[PDB]
Structure formats: C-alpha cells, structure tokens
C-alpha cells in the first residue's frame, strides 16, 4: 500500500525518464524504442510490472496518478506523458523534443 506507492514514486523520482511496462507488449516496446532513439538510455528506467507480485496495486496507483491503469505508463521529469499513443502524438508534434531540450537531454 504505502510500500507500493513509495516504490513507484522512487522509480518516477529517481529516473528522469520512467517507463512502466509489461511482458511482450508491442506498445511498450515501441514507446521504449522511440525514447531510446533520442539517446535517452542513460536517464531511462524501464520497470516490468507484470513480473511483480503487486502488479494490480501498481496499476491502480498508476491510474491514481495518470487516469489510466494500462501500460506502458510514461513519466518524464515526474510529468505524466501517458501511454505510447500520447508519446507518438508528442513526438510527431514537437512536444517531446521540447520536453527533452528543457532537460538538457537533446540539443
């Protein structure tokens, strides 16, 4: 409960780019690949919450934070990006690059 929330928080707060994912999910894989395409590997953490005894608790907390329980769930500098579709929209429309520029992750 408190333990789960603290664990999720630590992932989000200690990594500039935090992705919560599940096993063999093409939208998780696509989102992570897009982010690595910006050379973000050094500041990215991917957590597979399907391989976790508390998956449902984690998903419920992600829904409390973001409005959705599904993965992938993507945070950038603690800001909610959302899922892969949200990432695609931001990427295509220049918003992702702008985010990353403000973080010094992209020129």
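Positions refer to the first chain, counted from 1.
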Checklist outcome for this item: Ranked by mean Cα B-factor in the entry, 94-102 and 19-27, top stretch is 94-102
Checklist outcome for this item: Here the Cα B-factor of residue 49, set against its chain, lands in the third termed lowest
Item to check | residue 58 by Cα B-factor - lowest, middle or highest third of the modelled chain | outcome: lowest
Next on the checklist: Going by the CA temperature factor in the PDB record, which third of the chain does residue 35 belong to: lowest, middle or highest?
Outcome noted: middle
Checklist outcome for this item: So, residue 68's CA B-factor, relative to its chain, sits in which third? The middle
